[PDB]
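The structure under discussion appears below in the form of structure tokens.
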Amino acid sequence: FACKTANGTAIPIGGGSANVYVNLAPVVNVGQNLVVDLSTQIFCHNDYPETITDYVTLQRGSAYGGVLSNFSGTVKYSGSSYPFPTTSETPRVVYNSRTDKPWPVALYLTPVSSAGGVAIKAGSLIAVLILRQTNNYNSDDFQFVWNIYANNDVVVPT
Ligand SMILES: O=C(O)c1ccc(C(=O)Nc2ccc(O[C@H]3O[C@H](CO)[C@@H](O)[C@H](O)[C@@H]3O)c(Cl)c2)cc1
């Protein structure tokens, strides 16, 4: 089991870290959601699907910077939504193919009442998402740590 990103980096068997750079909507209004879709950013596969079934969760999602100070919201993982920043580990998604498969995570972030002007700065860390991979074969339990950065400013109009 290993993963790759839309920025051309990887995390191998056994886990590790990577940076992810996301283009964000430049304007998000109060009462609306900024969508941060990681399924177009992070892709993984199973290295021995003939025998082994891989299981993958979002173990943890944390907010930083302007997201932490100016937004609330949720994370959608494989069709179900949960609070973000996270308060539990999600259910597992099965990876059962050598073919790349997106990691089905998206953040839905809404600006808090006090937000205005530039609410997320270009280049800033917005989130850390921890993917936890196990299987039905051995005792492997690996963390793939995704540091999510904004590629651009996000403004919340007054
Ligand atoms: O035809 C043959 O002779 C043959 C075929 C296959 C193998 C084999 O044993 N292959 C093999 C490949 C990868 C393996 O582990 C990694 O990938 C799995 C599946 O994603 C992960 O769950 C796991 O955490 C880890 O990342 C493991 Cl334990 C085993 C040996 C011999």
Side-chain angles (χ1 to χ4, degrees), residues 1-25 28 33-49 52-112 115 119-152 154:
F1 180 91
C3 304
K4 64 170 58 171
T5 75
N7 70 74
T9 58
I11 305 179
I13 285 176
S17 287
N19 301 323
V20 174
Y21 296 91
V22 299
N23 299 310
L24 298 169
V28 59
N33 294 318
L34 175 68
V35 183
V36 189
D37 186 359
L38 291 314
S39 74
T40 56
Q41 300 284 349
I42 298 165
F43 309 84
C44 303
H45 69 277
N46 179 328
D47 284 307
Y48 185 16
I52 303 182
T53 305
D54 289 327
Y55 305 123
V56 171
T57 67
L58 174 67
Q59 187 271 333
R60 196 181 190 176
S62 307
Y64 294 92
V67 170
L68 180 64
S69 67
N70 298 317
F71 292 78
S72 66
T74 57
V75 56
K76 188 176 185 174
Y77 190 58
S78 197
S80 292
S81 297
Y82 309 90
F84 179 81
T86 62
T87 60
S88 65
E89 176 168 13
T90 67
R92 298 163 182 171
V93 172
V94 165
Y95 284 70
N96 61 3
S97 176
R98 283 200 177 78
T99 301
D100 293 328
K101 172 169 152 181
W103 191 39
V105 176
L107 313 178
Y108 292 85
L109 305 174
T110 194
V112 304
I120 300 171
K121 296 176 172 46
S124 71
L125 183 70
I126 63 167
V128 174
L129 308 175
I130 297 177
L131 179 166
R132 183 186 186 172
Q133 176 251 321
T134 56
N135 62 44
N136 70 344
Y137 182 74
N138 63 26
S139 292
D140 292 350
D141 182 355
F142 297 135
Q143 295 183 325
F144 289 74
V145 180
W146 307 103
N147 302 295
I148 314 305
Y149 292 86
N151 272 340
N152 57 279
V154 180

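Note that these values count all heavy atoms, side chains included, but never hydrogens, waters or copies made by symmetry. In this chain, numbering begins with 1 at the start of the sequence shown.
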Any sub-3.5 Å donor-acceptor pair from [X]'s side-chain atoms to [Y]'s backbone N or O?
{"X": "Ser124", "Y": "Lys121", "value": "yes"}
{"X": "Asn147", "Y": "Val128", "value": "no"}
{"X": "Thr86", "Y": "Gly61", "value": "yes"}

Using 0.5 Å steps for rounding, measure from the [atom1] atom of [X] to the [atom2] atom of [Y].
{"X": "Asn46", "Y": "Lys101", "atom1": "CG", "atom2": "NZ", "answer": "10.0 Å"}
{"X": "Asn135", "Y": "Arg92", "atom1": "CG", "atom2": "CZ", "answer": "9.5 Å"}
{"X": "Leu58", "Y": "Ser78", "atom1": "CG", "atom2": "OG", "answer": "11.5 Å"}
{"X": "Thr110", "Y": "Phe71", "atom1": "OG1", "atom2": "CZ", "answer": "8.0 Å"}
{"X": "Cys3", "Y": "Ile13", "atom1": "SG", "atom2": "CD1", "answer": "11.0 Å"}
{"X": "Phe142", "Y": "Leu131", "atom1": "CZ", "atom2": "CG", "answer": "12.5 Å"}

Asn23 side chain to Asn151 side chain, donor-acceptor N/O pair below 3.5 angstrom: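 Distance-only check passes for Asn23 and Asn151.
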Indicate yes or no: at least one non-hydrogen side-chain atom of [X] is less than 4.5 angstrom from one of [Y].
{"X": "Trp146", "Y": "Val20", "value": "yes"}
{"X": "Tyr108", "Y": "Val35", "value": "yes"}
{"X": "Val145", "Y": "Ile11", "value": "no"}

Salt bridge (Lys or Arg N to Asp or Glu O under 4.0 Å) partners of [X], counting only residues at least two apart:
{"X": "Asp47", "value": "none"}
{"X": "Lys4", "value": "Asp100"}
{"X": "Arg132", "value": "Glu89, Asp141"}

ring-ring contact (aromatic ring centres under 6.0 Å, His included) filter on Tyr149, not counting sequence neighbours, yields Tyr21
List the residues meeting ring-ring contact (aromatic ring centres under 6.0 Å, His included) with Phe1, not counting sequence neighbours, and say none if there are none. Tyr95, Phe144
Looking at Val105, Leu38, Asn19, which hits side chain to side chain contact (heavy atoms under 4.5 Å, CB included) with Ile148? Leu38
What pair of heavy atoms forms the shortest contact from [X] to [Y], and how long is it?
{"X": "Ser39", "Y": "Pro102", "result": "O-CB, 3.3 Å"}
{"X": "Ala150", "Y": "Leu24", "result": "CB-CD1, 3.6 Å"}
{"X": "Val93", "Y": "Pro104", "result": "CG2-CG, 4.2 Å"}
{"X": "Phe84", "Y": "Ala127", "result": "CZ-CB, 4.0 Å"}
{"X": "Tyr77", "Y": "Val56", "result": "OH-O, 2.8 Å"}
{"X": "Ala18", "Y": "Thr5", "result": "CB-CG2, 4.4 Å"}

What do the steps show when you test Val67 against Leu109 for side-chain contact (heavy atoms from CB on, under 4.5 Å), and what is the final call? CA-CA 8 Å; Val67 170; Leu109 305 174; 3.9 Å; yes
Test of understanding: with side-chain contact (heavy atoms from CB on, under 4.5 Å), list the residues that count as partners of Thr40, not counting sequence neighbours. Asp37
Show your working on side-chain contact (heavy atoms from CB on, under 4.5 Å) between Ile126 and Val22 and close with a plain yes or no. CA-CA 10 Å; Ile126 63 167; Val22 299; 4.1 Å; yes
Evaluate the criterion side-chain contact (heavy atoms from CB on, under 4.5 Å) for residue pair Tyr55 and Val94; output intermediate values, then yes/no. CA-CA 5 Å; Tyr55 305 123; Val94 165; 4.0 Å; yes
